[PDB]
Amino acid sequence: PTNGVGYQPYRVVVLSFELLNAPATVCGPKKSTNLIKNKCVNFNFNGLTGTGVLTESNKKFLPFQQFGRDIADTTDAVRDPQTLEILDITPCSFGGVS
Amino acid sequence: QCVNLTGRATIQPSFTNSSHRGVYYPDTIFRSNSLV
Ligand SMILES: *[C@@H]1O[C@H](CO)[C@@H](O)[C@H](O)[C@H]1NC(C)=O
Ligand SMILES: *[C@@H]1O[C@H](CO)[C@@H](O)[C@H](O)[C@H]1NC(C)=O
Ligand SMILES: *[C@@H]1O[C@H](CO)[C@@H](O)[C@H](O)[C@H]1NC(C)=O
């Protein structure tokens, strides 16, 4: 007990965590709000944040898939883990206005 | 209880080709409609 602080024991927990397209297992304390399905909002489904419009989607996901992907590295669809529905994600910005 | 096998046949290997087999997923990253 009475040794130098360099010789005293330290407990180390090396929390190695990976986030994949699998269903989320551990989540933070963030409180789940309601769902807005026609307005440009800031969304955060399972830690995957973004800014867009969520809409009802008819795409089919794998039973363990949480989000889809576009040709670019942008998630165009996300499975809402409460209702288990699939919501299409659309950009808030509309390009083409002159 | 283990028994040293009797009536063995001096095991020797044949050899062939693996063809286009054994492909697996190099990484856990999700990819869709990609070419990497
Ligand atoms: C999640 O909890 C809410 C509120 O209790 C409930 O209405 C909903 O059906 C639940 N969904 C799942 C998948 O458990
Ligand atoms: C099998 O043979 C080896 C080689 O001598 C010997 O060491 C081993 O004990 C044998 N196994 C049994 C179960 O007798
Ligand atoms: C396997 O590869 C050898 C060359 O090493 C070739 O002679 C043989 O025809 C191949 N077998 C088949 C089934 O293609």
Side-chain angles (χ1 to χ4, degrees):
Chain A
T2 311
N3 283 142
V5 187
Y7 200 104
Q8 289 164 1
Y10 272 54
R11 279 192 172 167
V12 184
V13 183
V14 193
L15 282 186
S16 66
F17 47 69
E18 70 205 11
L19 72 165
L20 303 171
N21 220 318
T25 287
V26 184
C27 293
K30 184 57 71 64
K31 292 156 71 159
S32 315
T33 72
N34 263 341
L35 199 155
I36 303 169
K37 213 179 287 188
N38 269 325
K39 286 182 54 183
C40 165
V41 288
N42 311 289
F43 54 89
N44 171 7
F45 277 89
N46 282 322
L48 176 137
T49 74
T51 292
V53 176
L54 309 157
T55 60
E56 183 178 1
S57 189
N58 276 305
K59 309 172 52 172
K60 298 294 181 182
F61 276 10
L62 276 300
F64 314 135
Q65 175 172 358
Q66 287 316 116
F67 56 88
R69 274 275 158 87
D70 189 358
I71 297 167
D73 262 354
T74 54
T75 81
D76 53 329
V78 66
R79 181 207 282 285
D80 164 38
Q82 303 219 348
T83 69
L84 265 58
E85 297 157 331
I86 283 162
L87 269 63
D88 177 307
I89 300 165
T90 307
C92 294
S93 315
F94 172 76
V97 172
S98 307
Chain B
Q1 177 65 27
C2 195
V3 175
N4 289 17
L5 197 71
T6 70
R8 286 209 150 251
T10 72
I11 62 182
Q12 63 186 267
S14 286
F15 298 108
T16 187
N17 315 321
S18 308
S19 188
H20 300 238
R21 285 197 176 280
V23 185
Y24 63 106
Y25 290 75
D27 49 4
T28 42
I29 301 299
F30 193 71
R31 296 202 177 76
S32 282
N33 305 311
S34 298
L35 172 45
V36 57

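Chain letters run A, B, ... following the sequence lines, proteins first, then strands; residues in each count from 1. These values consider heavy atoms only, across backbone and side chains, with no hydrogens, waters or symmetry-generated copies.
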Minimum heavy-atom distance [X]-[Y], with the two atoms named:
| X | Y | answer |
| --- | --- | --- |
| A:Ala22 | A:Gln66 | O-CG, 3.3 Å |
| A:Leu54 | A:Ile89 | CD2-CG1, 3.8 Å |
| A:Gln8 | A:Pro1 | NE2-O, 3.7 Å |
| A:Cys92 | A:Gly52 | SG-CA, 3.5 Å |

What pairs with [X] under side chain to side chain contact (heavy atoms under 4.5 Å, CB included), at least two apart in sequence or on another chain?
| X | answer |
| --- | --- |
| B:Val23 | none |
| B:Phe30 | A:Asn21, A:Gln65, B:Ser32 |
| A:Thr2 | none |

Inset, instruction - Establish whether A:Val13 and A:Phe17 are linked, either directly or via other cluster members, by ILVMFWY side-chain heavy-atom contacts under 4.5 Å. - result: yes
Legend entry - Hydrophobic cluster membership, A:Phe61 vs A:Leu48, 4.5 Å side-chain cutoff: no
Legend entry - Identified side chain to side chain contact (heavy atoms under 4.5 Å, CB included) partner of A:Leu87 from the options A:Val53, A:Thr55, A:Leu35: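 Exactly one option meets the side chain to side chain contact (heavy atoms under 4.5 Å, CB included) with A:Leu87, and it is A:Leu35.
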Legend entry - Distance in Å, A:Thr25 OG1 paired with A:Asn46 CG, rounded so as to fall on 0.5 Å steps: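 Reported value, rounded in 0.5 Å steps: 10.0 Å.
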Legend entry - A:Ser32 side, atom OG; A:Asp80 side, atom CG - distance, nearest 0.5 Å: 9.0 Å
Legend entry - Check: A:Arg69 main-chain N/O paired with A:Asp76 side-chain donor or acceptor under 3.5 Å: yes
Inset, instruction - Please collect all ring-ring contact (aromatic ring centres under 6.0 Å, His included) contacts where either partner lies in residues 62-98 of chain A, sequence neighbours excluded, each pair once. - result: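 Matches after skipping sequence neighbours: none remain.
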Side-chain donor-acceptor pairs under 3.5 Å in residues 37-44 of chain A, sequence neighbours left out?
unit_1, atom_1, unit_2, atom_2, d
A:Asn42, OD1, A:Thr51, OG1, 2.8
A:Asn44, OD1, A:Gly47, N, 3.0

Legend entry - Residues, nucleotides or ligands: over 12 heavy atoms within 6.0 Å of A:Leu84 CG: yes
Legend entry - Residue pairs, two or more places apart or on separate chains, that pass side chain to side chain donor-acceptor pair (under 3.5 Å) and touch residues 11-30 of chain B: B:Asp27-B:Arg31
